[PDB]
Amino acid sequence: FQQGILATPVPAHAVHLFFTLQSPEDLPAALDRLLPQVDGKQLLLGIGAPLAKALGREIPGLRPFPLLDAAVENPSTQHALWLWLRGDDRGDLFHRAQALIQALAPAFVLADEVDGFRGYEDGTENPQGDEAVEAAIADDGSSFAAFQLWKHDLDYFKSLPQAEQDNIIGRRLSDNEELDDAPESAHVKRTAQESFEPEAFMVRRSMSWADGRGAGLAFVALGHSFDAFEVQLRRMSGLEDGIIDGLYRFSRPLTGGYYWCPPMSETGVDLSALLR
Amino acid sequence: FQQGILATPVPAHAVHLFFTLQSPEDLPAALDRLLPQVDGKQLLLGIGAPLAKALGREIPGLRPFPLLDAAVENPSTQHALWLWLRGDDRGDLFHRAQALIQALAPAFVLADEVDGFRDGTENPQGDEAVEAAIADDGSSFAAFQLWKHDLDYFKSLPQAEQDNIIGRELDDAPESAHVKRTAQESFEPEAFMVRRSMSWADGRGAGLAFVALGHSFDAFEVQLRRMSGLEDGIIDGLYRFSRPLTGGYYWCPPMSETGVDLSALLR
Ligand code: HEM
Ligand code: HEM
Ligand SMILES: [Cl-]
Ligand SMILES: [Cl-]
Ligand SMILES: [Cl-]
Ligand SMILES: [Cl-]
């Protein structure tokens with residue numbers, strides 16, 4: 001598998017690029033320039049349902065980000081291709097991004113970009129070691145990543161008394177202690193990975209972001225399938241018991257996408273499932 | 001029905017506001033501040049599926065913007081409430097917009113805003129426009145898409161390729177031509193709709209704010225599915241230089257003698 005999915009420590013910066021396929025005839029030259037550069041460590045690759053649909057190929061486990069008909073909003077903004085750049089120098093990532101964007105034209109056009117950088121403790125409780133591989137990597141070495149750009153209203157959240165803030169997350173801000181008497185709407189009670197009848201463990205690799213769209217969390221959930229993320233999101237959205245996650249009171253996702261992260265061979269990224 | 005849906009000529013400016021429901025507990029007071037101001041002419045109202053879901057009510061004909069699993073991208077960014085301001089003075093519309101945004105606060109947060117400014121020979125007119133866009137109860141069902149075009153790429157193609165993408169009329173144009181994909185008479189239940197689109201330009205780019213109003217969503221949806229290649233594998237040429245950034249379905253409620261009629265939703 002692409003080692004960057006689980007490899008730690010996470011670099012301080014990331015650039016997420018999302019592309020729309022606008023000229024399918026030019027796709028081979030774009031892939032010829034892109035794929036030798038995908039090492040699964042500083043450059044990771046994800047494939048969206050539209051690209052598989054455009055090639056008449058059905059990738060097992062790959063589907064668009066779903067449509068949840070709920071009382072909260074989880075938009076589906078599925079794109080064809082996802083590039084995940086990782087590094088410690090922000091300026092170097094931007095120049096690498098620009099070269100990759102131009103390398104993918106005219107086949108692809110840039111549809112979205114998120115610049116991630118590394119007040120609760122998001123991303124703990126992630127599976128570790130062999131359990132992280134089991135949770136995030138399918139048998140063939142593929143992974144299935146859900147991406148949501150969440151926008152926060154910290155003015156409203158920090159205006160609440162600390163007791164209500166902790167009731168929304170489900171843990172104390174002072175020492176990150178779990179609250180057993182927290183309401184069922186508390187976030188960690190909605191996403192309790194052990195609380196789903198088929199356990200819903202996933203590996204989260206989120207980053208902070210801030211641009212003209214606001215500020216918040218670039219949420220990334222990697223699993224051996226999309227099922228873990230989707231059952232969790234459906235419960236958060238009130239589709240299981242009518243109880244909505246408290247997160248939606250001060251935060252909302254602006255984007256939503258499903259991407260198949262192909263396996264690595266010993267010599268590079270393996271797209272044989274998609275290409276002949 | 002809300003008369004602004006069909007009244008023509010279209011004023012030079014429109015402000016589309018879209019809201020997300022973040023505090024349902026504050027919804028009754030927010031609606032009490034909004035509804036007396038909705039006249040269906042200079043301020044029109046649309047209701048999204050999330051708002052009905054939050055109230056536990058099923059509005060007949062109302063559903064979220066669909067998820068099209070196609071080789072082109074039509075995102076679903078469904079919001080709870082849509083305000084459609086119409087007028088000739090841009091500054092007056094923005095001043096009204098701010099007042100409405102603040103009136104809906106606590107309950108709603110602003111999720112999206114589109115500043116619209118102004119062939120249509122096949123758009124329904126007169127009684128045919130009423131028939132196409134207005135349901136029996138006076139409701140309408142509006143599909144909204146914020147399309148972003150790359151006219152630099154479109155005008156770089158030879159003029160013949162430009163004309164084959166739109167279809168103009170060109171009888172020998174390929175089936176992928178836009179006017180051949182959207183021929184309202186070419187759908188087995190004819191797919192006539194009333195279009196009320198406007199141009200836009202902001203930090204997201206520039207293009208067309210597409211608005212399709214029908215007595216149900218069926219006309220828009222079968223057309224979009226054909227445009228996306230889901231009907232016969234042939235994709236509309238529009239997608240070669242343009243793509244929608246947003247997507248939403250909204251139920252435009254009827255008007256009573258005294259104002260907008262939300263009894264189906266609030267009872
Ligand atoms: C604005 C977006 C989000 C923020 C700020 C956020 C923040 C947090 C925080 C503070 C915790 C508690 C500490 C931890 O275990 O990480 C947590 C836990 C968790 N979150 Fe989120 N989260 C967000 C969205 C999501 C979403 C959309 C999912 C969907 C699957 C998710 C899944 C989880 C899981 C699985 C846990 C661990 C639960 C367990 O203990 O088993 N998070 N998150
Ligand atoms: C970037 C977005 C769009 C642009 C720039 C655009 C432009 C055009 C143009 C140039 C025409 C030919 C002249 C005319 O009859 O109006 C046309 C026709 C038409 N388009 Fe679009 N269009 C867009 C999106 C859509 C969408 C999304 C739909 C339906 C879901 C649609 C439905 C129609 C219909 C019904 C006609 C009537 C003429 C015919 O089909 O023969 N348009 N449009
Ligand atoms: Cl290819
Ligand atoms: Cl091996
Ligand atoms: Cl574009
Ligand atoms: Cl064709």
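We name chains A, B, ... by the order of the sequence lines, and we start the count at 1 in each one. Basis for what follows: all heavy atoms, side chains included, without hydrogens, waters or symmetry-related copies. Atoms within each ligand, like the ligands themselves, are counted from 1 in listed order.
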Task: A:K189 side chain to A:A182 backbone, donor-acceptor under 3.5 Å - done: yes
Open item on the list: Between A:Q3 and A:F1 (side chain of the first, backbone of the second, donor and acceptor by atom type, cut-off under 3.5 Å), is there such a pair?
Closed with: yes
Open item on the list: Donor-acceptor check, side chain of B:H79 to backbone of B:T77, threshold 3.5 angstrom: yes or no?
Closed with: yes
Open item on the list: A:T124 versus ligand 1: do any nitrogen or oxygen atoms come within less than 3.5 Å of each other?
Closed with: yes
Task: N or O pair under 3.5 Å between A:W150 and ligand 1 - done: no
TODO: Measure the distances from the heavy atoms of A:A192 to every atom of ligand 1 and state whether one is below 4.0 angstrom.
DONE: yes
Open item on the list: Would B:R226 and B:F187 count as a cation-pi pair here, with the cationic atom under 6.0 angstrom from the ring centre and within 45° of the axis?
Closed with: yes
Task: Enumerated ligand 1 atoms positioned under 4.0 Å from heavy atoms of A:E125 - done: 15 (O), 40 (O)
TODO: Could you list the atoms of ligand 1 found under 4.0 angstrom from a heavy atom of A:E121?
DONE: 13 (C), 14 (C), 16 (O)
Open item on the list: Quick one: does any side-chain atom of A:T8 pair with a main-chain N or O of A:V10 as donor and acceptor, under 3.5 Å?
Closed with: no
- [ ] Considering the heavy atoms of A:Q148, write down every atom of ligand 1 situated less than 4.0 Å from one of them.
- [x] 27 (C)
- [ ] Return the residue, atom name and 0.1 Å-rounded distance of the protein heavy atom closest to atom 28 (C) of ligand 1.
- [x] A:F219 CZ, 3.2 Å
- [ ] Look at ligand 1 and say whether A:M202 reaches it with a heavy atom at a distance under 4.0 Å.
- [x] yes
Task: N or O contact, A:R204 vs ligand 1, cut-off under 3.5 Å - done: yes
Open item on the list: One residue to check: A:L217. Relative to ligand 1, which of side chain, backbone, both or neither has a non-hydrogen atom less than 4.0 Å away?
Closed with: side chain
TODO: If you have a sec, work out which protein heavy atom is nearest atom 1 (C) of ligand 1 and how many Å separate them, to one decimal?
DONE: A:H152 CE1, 3.1 Å
Task: Distance, nearest 0.5 Å, that separates CH2 of A:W209 from CD of A:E113 - done: 12.5 Å
- [ ] Using a strict cut-off of 4.0 Å, indicate which atoms of ligand 1 neighbour a heavy atom of A:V188.
- [x] 12 (C)
Task: A:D211/A:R213 ion pair, N-O < 4.0 Å - done: yes
TODO: Could you check atom 30 (C) of ligand 1 against the protein and tell me its nearest heavy-atom contact, residue, atom and distance included?
DONE: A:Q232 OE1, 3.0 Å
Open item on the list: Treating B:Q78 as the side-chain partner and B:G48 as the backbone partner, does any N or O pair qualify as donor plus acceptor under 3.5 Å?
Closed with: no
- [ ] Please state whether the rings of A:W84 and A:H16 are parallel, tilted or perpendicular, taking 30° and 60° as the class boundaries.
- [x] tilted
- [ ] Record the part of A:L247 in heavy-atom contact with ligand 1 below 4.0 Å; permitted values are side chain, backbone, both and neither.
- [x] side chain
Task: ligand 1 versus A:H187: contacting region, heavy-atom distance under 4.0 Å - done: side chain
TODO: Just let me know how A:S251 lines up against ligand 1, side chain, backbone, both or neither, with a heavy-atom cut-off below 4.0 Å.
DONE: side chain
TODO: Report the relative orientation of the aromatic rings in A:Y259 and A:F18; use parallel for angles under 30°, tilted for 30 to 60°, perpendicular for over 60°.
DONE: tilted
- [ ] Could you tell me the residue and atom name of the protein heavy atom closest to atom 5 (C) of ligand 1, and the distance to it rounded to 0.1 Å?
- [x] A:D122 OD2, 3.5 Å
TODO: Report, in ascending order of atom number, the atoms of ligand 1 lying under 4.0 Å from any heavy atom of A:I169.
DONE: 10 (C)
Open item on the list: Can a donor-acceptor pair be found, under 3.5 Å and without considering hydrogens, that links the side chain of A:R86 to the backbone of A:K41?
Closed with: yes
TODO: For atom 40 (O) of ligand 1, find the nearest protein heavy atom and state the residue, atom name and distance (0.1 Å precision).
DONE: A:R171 NH2, 3.5 Å
TODO: Report yes if some N/O of A:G123 lies less than 3.5 Å from some N/O of ligand 1; otherwise report no.
DONE: yes
Task: Main-chain N/O of A:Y248 paired with A:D245 side-chain donor or acceptor, under 3.5 Å - done: no
Task: Distance filter under 4.0 Å to A:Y120 heavy atoms, resulting ligand 1 atoms - done: 10 (C)
Task: Side-chain ion pair, A:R171 and A:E125, N-O less than 4.0 Å - done: yes
Task: ligand 1 to A:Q193 polar contact by distance, N or O atoms, under 3.5 Å - done: yes
